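Below you will find one chain, with nothing else, as structure tokens; this is the form deposited in one PDB entry, and questions on how it binds or moves follow later.
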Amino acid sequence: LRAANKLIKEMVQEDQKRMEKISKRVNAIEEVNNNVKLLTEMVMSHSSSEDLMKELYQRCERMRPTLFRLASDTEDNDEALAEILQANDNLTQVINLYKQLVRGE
């Protein structure tokens, strides 16, 4: 009995572990896409809203440990990992466009 229920609580605990991960992936990716879209537009038009652009930059930069951490927690989901690396790549590109611009290119 302490054997069976041990196993159900096992399947249940790991099921919700997949659930939290998916939920964390969604929330992280959606934050990156919004931050990326907005910063990109600003850089586009500025090539003023210095504080506003720098503001978006900080929000982007704070997404670095989030993405690294998650990527670093993908078991055998190469497809999931690719999507997280894709999102990280975009975060790096906007940050570079912004820093470039703030250093006169």
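Residue indices: 1-based, along the sequence shown. Rigid core: the largest C-alpha set superposing within 1.5 Å between the two forms. Only residues modelled in both forms are compared.
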Which class describes the count of deposited residues lacking coordinates between residue 47 and residue 48: none, 1 to 3, 4 to 9, or 10 or more? 4 to 9
Looking at the deposited entry, does 32 to 40 or 63 to 71 carry the larger mean Cα B-factor? 32 to 40
Stretch with the higher entry mean CA B-factor, where the candidates are 3 to 11 and 95 to 103: 3 to 11
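The form deposited in another entry is left out here; the points below concern that form.
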Relative to the superposed core, which single residue of 23, 96, 86, 13 shows a CA shift of 2 Å or more between the shown form and the other one? 13
Sequence-ordered runs, three or more residues, C-alpha shift 2 Å or more between the shown form and the other one, rigid core: 1 to 15
